[PDB]
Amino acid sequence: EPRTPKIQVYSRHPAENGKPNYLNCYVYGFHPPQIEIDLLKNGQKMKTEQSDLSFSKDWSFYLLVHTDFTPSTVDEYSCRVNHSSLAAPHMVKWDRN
């Protein structure tokens, strides 16, 4: 029985347009552990770094994916997750608010 991932997309620091920042996607609570995660800019895959896969009795499996980014007034950023508990990949949009 799979357990569906939960997905948090956030910037390391409060967003200001045109200032460099870090974009993060934390996904957790899932089983089985095989999972695919990307960060997207306007629907296109960004180059990212991905933490070590880890397990906790309180969180099941969890992973953090992150990259540099510079928010603007028009550019959209999202996290895309594919996992066997899902019928198709899910995307969560970064919301600066």
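We number the residues from 1 along the sequence you see.
Taking only CA atoms, the mean B-factor in the PDB entry is higher for 42-50 than for the other of 64-72 and 42-50.
For the two regions 54-62 and 24-32, the entry's Cα B-factors average higher over 54-62.
By the numbers in the PDB entry, the CA B factor is greatest at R96 among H90, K6, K93, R96.
Per the deposited coordinates, the residue with the largest Cα temperature factor out of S84, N17, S78, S11 is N17.
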